[PDB]
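Since the structure comes first, as structure tokens, the remarks are kept for the end.
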Amino acid sequence: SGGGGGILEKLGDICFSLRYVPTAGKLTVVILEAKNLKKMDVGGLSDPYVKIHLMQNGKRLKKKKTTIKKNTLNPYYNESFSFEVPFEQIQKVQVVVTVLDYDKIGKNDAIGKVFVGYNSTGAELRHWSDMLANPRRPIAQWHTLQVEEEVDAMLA
Amino acid sequence: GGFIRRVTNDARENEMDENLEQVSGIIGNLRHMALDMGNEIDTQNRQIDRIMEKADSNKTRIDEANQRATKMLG
Amino acid sequence: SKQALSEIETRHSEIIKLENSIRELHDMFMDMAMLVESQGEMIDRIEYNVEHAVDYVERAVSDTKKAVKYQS
Amino acid sequence: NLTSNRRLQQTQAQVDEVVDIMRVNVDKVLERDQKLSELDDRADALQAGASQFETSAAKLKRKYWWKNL
Amino acid sequence: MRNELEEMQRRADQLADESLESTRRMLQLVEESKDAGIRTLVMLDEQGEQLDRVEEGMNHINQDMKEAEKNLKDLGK
């Protein structure tokens, strides 16, 4: 979140809700709204979208994505993703959230990224702990985006 | 457990035989997995032709429709 | 006949070769996994351009059906 | 008779057999790459044609409104 | 003398210990290869999940264009 360098470069704040059920092993992640994103192109308007990847000890597994919300720096998604993770195996995993802009030319750069799971501090650690503890939690939390190599250095 | 010609009665030789047996069974699983993967990917690659032919047909149909609509303008 | 040192030294030689046979297979899987994942990033562009085209077609056919209806 | 190493030789043959199949499979990833590359150009052409078709339909609606008046 | 036995036993011992290191490394490498394999296979199937949606969009374009085609052919009177 905002204790990283992404506050200085004004990357933007994203709001999401994490919920798990330890007894049944099912995991649901809901991406809500974001506010004040950094604009990547100089003269156009950005079309922001989010890609979310599940990992085990920093080892990539599979990913899902939001619908694209065009011409905005304040996108509203309210989109839900559901998975299954065993109770002995939720204590081995991380979830990585990356936000990107949509230009058709290709070689797209990330706006910024964040992760939840072990190897974290503050807000990121709290949201993961709260998710594990509370069955079917409806509460959500804001996380400021951070630059890619700061996230790599933090995760390591 | 009988995967190699044992030359000694050591625990080190015993571990070697079990470790090689475990490696061999994973390779035998990978052989069948590769055959499944090749069967699915070849079928998927030829699915791209099916999608592409339909895509060009509808794009060409849209070009015909655009030309046809434009020719009624005056 | 059969001799113990010759058997173990030769067997070790074949085992390190077997490890390097698996190493080529491993290198192929890591490059293949990167390439199919990278192609999956490209498919997102193809999917969105097609879905955006569906919105234009759904609008265009609807407006075309409205347009023809005025002919008596 | 004394225990023999055919099973170790079989283990080498199993990796040798799968590598030959994998070499064919990676060329089929390159087959997929070529087909996806062509599909990408068709996707832009479809999207560009769809925008033109909607704008043409809107013109046609205005024209057929004038025709029957 | 020395080379009748004593040298041979320690040479065999060193070969056996580096062989344990190769077999343990090889077993972990082949398991790592399976873990990558399983991810690749599941990713291939879920790319097929994505592909049926692409054809579903083409089928929807075909359905409405098939209605549109009649209207376009009767239109030009």
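Points worth noting:
- All positions within the range C:1-10 that are assigned to a helix (DSSP H, G or I) and more than 7 Å from every other protein chain (Cβ to nearest Cβ): C:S6, C:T10
- One residue from E:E32, E:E55, E:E18 being acidic (D, E), out of contact with any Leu (no Cβ under 8 Å at 6 or more places or on another chain) and away from chain B (no Cβ under 11 Å): E:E18
- Restricting the range C:1-28 to residues that are touching a helix residue (DSSP H, G or I) at 6+ places or on another chain (Cβ under 8 Å) and among the acidic types (D, E), the residue that is farthest from E:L29 (Cα to Cα) is C:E9.
- Qualifying residue in the range D:45-65 (condition: more than 7 Å from chain C (Cβ to nearest Cβ), in a helix (DSSP H, G or I), in contact with a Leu (Cβ under 9 Å, 6 or more places away or on another chain) and under 30 Å from B:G2 (Cα atoms)): no
- In the range D:11-29, the residues that are farther than 29 Å from B:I4 by Cβ form Cβ pairs under 8 Å with partners that are of a type in the set (G, A, S) and surrounded by 15 or more Cβ atoms within 10 Å (Cβ to Cβ), at six or more places apart or across chains, as follows: D:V24/B:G38; D:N25/B:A34; D:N25/B:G38; D:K28/B:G38.
- The strands (runs of 3 or more DSSP E) found wholly in the range A:53-156 and carrying at least 1 residues that are surrounded by 15 or more Cβ atoms within 10 Å (Cβ to Cβ) and acidic (D, E) occupy A:76-84.
- Checked against the criterion of being in contact with an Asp or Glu (Cβ under 8 Å, 6 or more places away or on another chain) and more than 20 Å from A:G2 (Cα to Cα), the candidates A:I105, A:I68 yield just one match: A:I68.
- In the range C:33-49, the count of residues that are within 29 Å of B:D56 (Cα to Cα), among the aromatic types (F, W, Y) and either in contact with a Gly (Cβ under 6 Å, 6 or more places away or on another chain) or assigned to a helix (DSSP H, G or I) (or both) is one or more.
- Considering residues of the range C:23-66 that are within 7 Å of another protein chain (Cβ to nearest Cβ) and polar (S, T, N, Q) only, the residue farthest from the chain's Cα centre (by Cα): C:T64
- The range E:36-58: number of residues that are in contact with a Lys or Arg (Cβ under 8 Å, 6 or more places away or on another chain) and surrounded by fewer than 17 Cβ atoms within 10 Å (Cβ to Cβ): 3
For (1) within 11 Å of chain E (Cβ to nearest Cβ); (2) under 22 Å from C:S6 (Cα atoms); (3) part of a loop (DSSP other than H, G, I, E, B), each residue gets a yes or a no:
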{"position": "B:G2", "(1), (2), (3)": "no, yes, yes"}
{"position": "B:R6", "(1), (2), (3)": "no, yes, yes"}
{"position": "B:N9", "(1), (2), (3)": "no, yes, yes"}
{"position": "B:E13", "(1), (2), (3)": "yes, yes, no"}
{"position": "B:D17", "(1), (2), (3)": "yes, yes, no"}
{"position": "B:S24", "(1), (2), (3)": "yes, no, no"}
{"position": "B:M33", "(1), (2), (3)": "yes, no, no"}
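- A Cβ distance below 6 Å, combined with a sequence gap of six or more or placement on separate chains, defines the contacts here; from the range C:22-35, residues that are under 15 Å from E:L27 (Cα atoms) reach residues that are part of a helix (DSSP H, G or I) and of a type outside the set (A, V, I, L, M, F, W, C) in the pairs C:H26/E:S33.
Don't worry about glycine lacking a Cβ; one is built from the backbone with ideal geometry, like all the others, and counts go over all protein chains shown. Rule-based calculations on the coordinates, nothing more; no lab input.
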